[PDB]
């Protein structure tokens, strides 16, 4: 586990509270045990003119990647262990996204159990609902209620 230095984390926590996004999703998928899978994504968006800043961020975090979507680019981190390690260290300095980060950490820690039982899966889905409720969510479709309905 990479240890990040404090001044880096302090600055990055400010930048993330501004331009970053901690995204939790429930995605239908017929080949998963409960017909859904979870996705947890840390993203930082910036105008492509400033892609260099996201490229520097890949070097600094040591994991993740940058993708261009024409006018804007995004630093993305999904791999679960590195995401856990990174958010564990960032979260104490977050002010606006602190609660999202800690929910993602709780989800991650419970993933093994979530995959064992429908009730446990549903409960972790409600934690995803709570993250979306904290974000400025506007286009969300699949919720823990969606999952529950697939009771059956």
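Numbering follows the first chain given and starts at 1.
In this crystal structure, the stretch out of 86-94 and 116-124 whose C-alpha atoms carry the higher mean B factor is 116-124. Note on 142-150 vs 2-10: mean CA B-factor is higher in 142-150. Looking at 45, 100, 41, 32, the one whose CA carries the top B-factor in the deposited record is 32.
Looking at the C-alpha B-factors along this chain, the one for residue 78 belongs to the middle third. In the PDB entry, residue 60 places in the middle third of its chain by CA B-factor. In the deposited entry, the Cα temperature factor of residue 105 places it in the middle third of its chain's modelled residues. The entry lists a Cα temperature factor for residue 54 that places it in the lowest third of the chain's modelled residues.
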